[PDB]
Amino acid sequence: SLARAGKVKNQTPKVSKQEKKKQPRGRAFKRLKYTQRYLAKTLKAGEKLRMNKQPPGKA
Amino acid sequence: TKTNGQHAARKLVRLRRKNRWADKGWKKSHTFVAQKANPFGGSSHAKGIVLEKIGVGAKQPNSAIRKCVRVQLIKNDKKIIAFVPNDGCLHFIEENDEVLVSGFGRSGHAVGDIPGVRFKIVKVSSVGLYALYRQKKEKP
Amino acid sequence: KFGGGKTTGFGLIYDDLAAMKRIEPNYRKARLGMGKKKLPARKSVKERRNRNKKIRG
Amino acid sequence: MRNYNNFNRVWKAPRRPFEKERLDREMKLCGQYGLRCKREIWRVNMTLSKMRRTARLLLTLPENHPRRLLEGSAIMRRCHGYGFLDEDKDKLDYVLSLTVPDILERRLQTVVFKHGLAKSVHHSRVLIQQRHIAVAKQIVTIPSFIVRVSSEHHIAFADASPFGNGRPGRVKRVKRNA
Amino acid sequence: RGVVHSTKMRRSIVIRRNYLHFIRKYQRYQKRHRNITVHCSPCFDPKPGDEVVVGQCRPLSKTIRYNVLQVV
RNA sequence: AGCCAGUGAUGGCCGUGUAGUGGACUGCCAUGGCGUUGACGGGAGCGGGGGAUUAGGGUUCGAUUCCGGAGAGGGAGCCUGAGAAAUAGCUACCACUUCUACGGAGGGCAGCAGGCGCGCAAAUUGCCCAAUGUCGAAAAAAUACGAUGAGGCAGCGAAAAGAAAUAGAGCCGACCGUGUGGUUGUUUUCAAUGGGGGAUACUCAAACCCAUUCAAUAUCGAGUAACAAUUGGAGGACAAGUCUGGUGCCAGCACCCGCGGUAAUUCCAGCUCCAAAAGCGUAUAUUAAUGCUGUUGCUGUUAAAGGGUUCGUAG
RNA sequence: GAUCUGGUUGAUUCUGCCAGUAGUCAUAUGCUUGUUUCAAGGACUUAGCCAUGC
Ligand SMILES: [K+]
Ligand SMILES: [K+]
Ligand SMILES: [K+]
Ligand SMILES: [K+]
Ligand SMILES: [K+]
Ligand SMILES: [Mg+2]
Ligand SMILES: [Mg+2]
Ligand SMILES: [Mg+2]
Ligand SMILES: [Mg+2]
Ligand SMILES: [Mg+2]
Ligand SMILES: [Mg+2]
Ligand SMILES: [Mg+2]
Ligand SMILES: [Mg+2]
Ligand SMILES: [Mg+2]
Ligand SMILES: [Mg+2]
Ligand SMILES: [Mg+2]
Ligand SMILES: [Mg+2]
Ligand code: NA
Ligand code: NA
Ligand code: NA
Ligand code: NA
Ligand code: NA
Ligand code: NA
Ligand code: NA
Ligand code: NA
Ligand code: NA
């Protein structure tokens, strides 16, 4: 039947977004990324860079 | 091998004309039978009136209820079945309202595990169903 | 000129004021302040033109 | 509605949207020349492709062909004068070996940094957009300006700029009025 | 020029014109033809299968627009 | 798969009508003309110059600004003109329609702007003859201003196209990795510039937008730059998490393969990250991918496909 | 730029189609939008019906 519709979206607890400083935009953003991965890290001759690595938590 | 003539262009033209009817893609664009059977008269979207809300089951490996509605079109009074996407989103439809209906992709072929459904609901009361979902707008 | 201290235009010189009045276009004289006064709005003129098409004399 | 103006397109998106090798090569170019968006790179791609395509057609033509001589001279004149090819290379076959950074070397944002008027490659773009650079005593404020070979020594600060011999700028003026 | 095809009329004959048409896609030819009716004076006497030269005229009938000179 | 001839079909002879030739038409005569090299009939469709996609060959679109043709609700006749079988000319009939004193009289936006309806779907009931031209009994000036919704100008407008902001240099701690050189926040100066607003004013036919300029004795202004960038995604194709909560084959995602039955790499959310960016998703049609229409250039023993065998005309 | 990838099996090599991918002065709808230049704009369906002014 149609008795249960939108059940999950109405059940999930509410959580609010965080407040953060605005990131640079435009040409300043591309500049930030270029130093984010090609500088500011000394991992050279290995190319073993991971853009998004998470802490170990696998329960 | 085949005909290699230098004066045999007539035979080669006739061959290609006859054999071009054998592919379903080319035949569908030159035959006019598809447009008549298509509830949209060759149009991207269409407007209709909601008749009732139905729940159709999913195909065998899956198991669910897909929450469709029955819609009668306005331009030609044909009846179709359309699927309302996203969580919840059935409470925004109601009965006797007026909706904008679009294709599902694949150009008339059924999509996914929903049996025989090839249309989706886009606008309800001319506001936008996804905008209602994201709360960017309120129902008139 | 863009981003500069230069400007270019056109210029006319007439032998006397009498020749200037005769030849200069009206809107150019009106810029100085000495052209013909004004004329009524064009809409009213063409309105009466059709009205007086129903009448004689 | 009864108009006869013209317009066209200057760039083109690439097929295969996500190749890790092309993604990194393009990112390297952007963060080192200080570009704003990938469309600036893709402009250079098409202008390069046009010279290569016409050179390929001409090279296929036999030598002493009237079309080959006239067009061949014209393209070398443009390539030498613009600074793409050094004056020793003249065979029309060095056109095809042109690469992307060769064209990006002649950009006004680059040349300002090379001459030493700026402390970085992003400082130079800010200066260009804010009406400080004059090429031949004419203020130019468009980074994509491609400097000719006969105009590098004439590049200098503009008179109207505060860094030149102009009036004090915004900070000085509002401090005085304070 | 053409080939006399039929001489069943009175002071009138039919001539056939054979040519070859070139289709661009297949880089090959194909035979075509056109039929044309003309007026033939009693000075001449052509049989079916001869060659004739014809020059333009003014409209002499519903279809006739050419006249026969120098049967060969 | 046959078409054309009473009542013109193909040709001939004197004629008539036209501006003129002609079967355009009257009388008489002959029996012709077209067709598998696709006639006759049916379907879609205004032609072209050209657009999109492009190794090459091709496929597809073209109502639309230039050229040609046709029409003015439906369909026929005709006067005046050198020229019309004209729609802001006339006459009648057919369908809808306005005023009236009930005797009658009118109306034709597929011209300009505007309304109803139809639909997925499309702008102001604006100003001007300054430019470009046409018409004219006209050059401009005066005791004396030709018309012109052709035409041009501005309002609305992410169809699409071209440029391009949302910050640049350093300071002092805290550091991060690597071997002392970029780097990641914390305090803090120091210049520069345009969104924004105003003219001695330029433009303008008059207004607007650009372009100049914040003294030339003499002219306002970023610092949690609150002047705050979004739209889609993170199992594979395909760039990007073996992160943390909720649900429990339900709710839902999923273009395809698939995910969900208590530890969900896929659902609903928070945090990070990725693409491209004043742009970005979805639907439908179409081009390339497609050597899956093959002339260049396919396949036919078994995957779809060699006729049961001979003779034979056009080709 | 003369380019391809996922789905038939316990594995393998094929034929073959579904799905992915890039455009479109190509239309429409959704979300979001500071500056400037150039611009198409009731063909698509109903050559449907039209108040008022020119
Ligand atoms: K008429
Ligand atoms: K109109
Ligand atoms: K902003
Ligand atoms: K998630
Ligand atoms: K094949
Ligand atoms: Mg038509
Ligand atoms: Mg049409
Ligand atoms: Mg025309
Ligand atoms: Mg009219
Ligand atoms: Mg629109
Ligand atoms: Mg898709
Ligand atoms: Mg799993
Ligand atoms: Mg194709
Ligand atoms: Mg056999
Ligand atoms: Mg048999
Ligand atoms: Mg099998
Ligand atoms: Mg219409
Ligand atoms: Na040149
Ligand atoms: Na139009
Ligand atoms: Na007409
Ligand atoms: Na009408
Ligand atoms: Na009428
Ligand atoms: Na005029
Ligand atoms: Na105009
Ligand atoms: Na190919
Ligand atoms: Na078989």
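Computed over heavy atoms, backbone and side chain alike; hydrogens, waters and symmetry mates excluded. Just so we're on the same page: letters track the sequence lines, and every chain starts at 1.
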Using a cut-off of 4.0 Å on non-hydrogen atoms, how would the nucleic acid contact of [X] be classed: base, sugar-phosphate, or nothing?
{"X": "D/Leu127", "answer": "nothing"}
{"X": "E/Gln27", "answer": "nothing"}
{"X": "B/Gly25", "answer": "nothing"}
{"X": "B/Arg16", "answer": "base"}
{"X": "B/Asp23", "answer": "base"}
{"X": "C/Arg42", "answer": "base"}

Rounded to the nearest angstrom, tell me the gap between atom [atom1] in [X] and atom [atom2] in [N].
{"X": "A/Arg25", "N": "F/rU231", "atom1": "CZ", "atom2": "P", "value": "12 Å"}
{"X": "D/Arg52", "N": "F/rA55", "atom1": "CZ", "atom2": "P", "value": "15 Å"}
{"X": "B/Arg66", "N": "F/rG252", "atom1": "CZ", "atom2": "P", "value": "8 Å"}
{"X": "D/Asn6", "N": "G/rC25", "atom1": "CG", "atom2": "P", "value": "16 Å"}
{"X": "B/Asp113", "N": "F/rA251", "atom1": "CG", "atom2": "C1'", "value": "14 Å"}
{"X": "C/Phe2", "N": "F/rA163", "atom1": "CZ", "atom2": "P", "value": "16 Å"}
{"X": "D/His123", "N": "F/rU193", "atom1": "NE2", "atom2": "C1'", "value": "12 Å"}
{"X": "A/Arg27", "N": "F/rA278", "atom1": "CZ", "atom2": "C1'", "value": "17 Å"}

_Stacking between F/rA161 and D/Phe7, yes or no? Criterion: centroid separation under 5.5 angstrom, plane angle under 30 degrees._
no
Heavy atoms from C-beta onward define the side chain here; which of [options] lies closest to that of [X]?
{"X": "A/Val15", "options": "F/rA269, F/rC243, F/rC176", "answer": "F/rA269"}
{"X": "D/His132", "options": "F/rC253, F/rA167, F/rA192", "answer": "F/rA192"}
{"X": "B/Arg134", "options": "F/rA269, F/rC273, F/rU231", "answer": "F/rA269"}

When the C1'-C2'-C3'-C4' sign is the only test used, does the sugar of [N] come out north or south?
{"N": "F/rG33", "result": "north"}
{"N": "F/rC93", "result": "north"}
{"N": "G/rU8", "result": "south"}
{"N": "G/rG42", "result": "south"}
{"N": "F/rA174", "result": "north"}

Between protein and nucleic acid, restricted to nucleotides 61-67 of chain F and to nitrogen or oxygen atoms under 3.5 Å apart, what atom pairs and distances do you find?
{"residue": "F/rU65", "atom": "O2'", "partner": "D/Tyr4", "partner atom": "OH", "Å": "3.3"}
{"residue": "F/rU65", "atom": "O2", "partner": "D/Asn3", "partner atom": "O", "Å": "3.1"}
{"residue": "F/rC66", "atom": "OP1", "partner": "D/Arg2", "partner atom": "NE", "Å": "3.1"}

*Please give the nucleotide sitting opposite F/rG33 as a Watson-Crick or G-U wobble pair, both distances under 3.5 Å, or none.*
F/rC3
*asked:* Need the pair for F/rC66. Rule: Watson-Crick or G-U wobble, both distances under 3.5 Å, any strand; none if unpaired.
replied: F/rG48
*Would you tell me if any nitrogen or oxygen in the side chain of C/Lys46 comes within less than 4.0 Å of OP1 or OP2 on F/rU148?*
yes
_Any side-chain N or O of A/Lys22 below 4.0 angstrom from OP1/OP2 of F/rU166?_
no
Residues within [range] bordering RNA chain F, heavy-atom distance below 4.0 Å:
{"range": "residues 19-31 of chain D", "result": "D/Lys20, D/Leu23"}
{"range": "residues 38-47 of chain D", "result": "D/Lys38, D/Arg39, D/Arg43"}
{"range": "residues 32-40 of chain C", "result": "C/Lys36, C/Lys38, C/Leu39"}

So which protein N/O to nucleotides 4-7 of chain G N/O distances come out below 3.5 Å?
{"residue": "G/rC4", "atom": "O2'", "partner": "D/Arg16", "partner atom": "NH1", "Å": "3.3"}
{"residue": "G/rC4", "atom": "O2'", "partner": "D/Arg16", "partner atom": "NH2", "Å": "3.4"}

*Let me know, please, whether C/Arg49 or B/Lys137 comes out on the 5' side of the other along RNA chain G by nearest nucleotide.*
B/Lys137
_Along RNA chain G (nearest heavy atom to each residue), the more 5'-positioned of C/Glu47 and B/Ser126_ = B/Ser126
*Sugar-phosphate means primed atoms, P, OP1 and OP2; the rest is base. With that split, encode nucleotides 15-27 of chain F 5' to 3' as B, S or - using protein heavy atoms under 4.0 Å.*
------BSSS---
*Do nucleotides 30-39 of chain F as a string where each nucleotide becomes B, S or -: B if the base has a protein heavy atom under 4.0 Å, S if just the sugar-phosphate does, - if no protein is that close.*
--SSSSSBB-
Below 3.5 Å between N/O atoms, which protein atoms pair up with nucleotides 133-137 of chain F? Just atom names and distances, please.
none

*Go through the structure and list residues passing side chain to side chain contact (heavy atoms under 4.5 Å, CB included) with E/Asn18, not counting sequence neighbours.*
E/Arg16, E/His33
Pairs of donor and acceptor atoms involving the side chains of residues 57-67 of chain B, under 3.5 Å and at least two apart or interchain, shall be tabulated with distances.
{"residue": "B/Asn62", "atom": "ND2", "partner": "B/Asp113", "partner atom": "OD2", "Å": "2.6"}
{"residue": "B/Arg66", "atom": "NH2", "partner": "B/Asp113", "partner atom": "OD2", "Å": "3.0"}
{"residue": "B/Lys67", "atom": "NZ", "partner": "B/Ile65", "partner atom": "O", "Å": "3.3"}

*Does B/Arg134 count as lying over the ring of B/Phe92, i.e. NZ or CZ under 6.0 Å from the six-ring centre, within 45 degrees of the axis?*
no
*Quick one: do F/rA140 and F/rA141 stack, meaning six-ring centroids under 5.5 Å and planes under 30°?*
yes
Atom pairs, protein N/O to nucleotides 195-197 of chain F N/O, distance under 3.5 Å:
none

*asked:* Quick check on ring pair (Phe, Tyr, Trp, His ring centres under 6.0 Å): which of E/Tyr29, E/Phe22, E/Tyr26 does B/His7 satisfy it with?
replied: E/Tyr29
_Qualifying side chain to side chain donor-acceptor pair (under 3.5 Å) pairs, either residue in residues 31-45 of chain C, two or more places apart_ = C/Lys43-C/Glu47
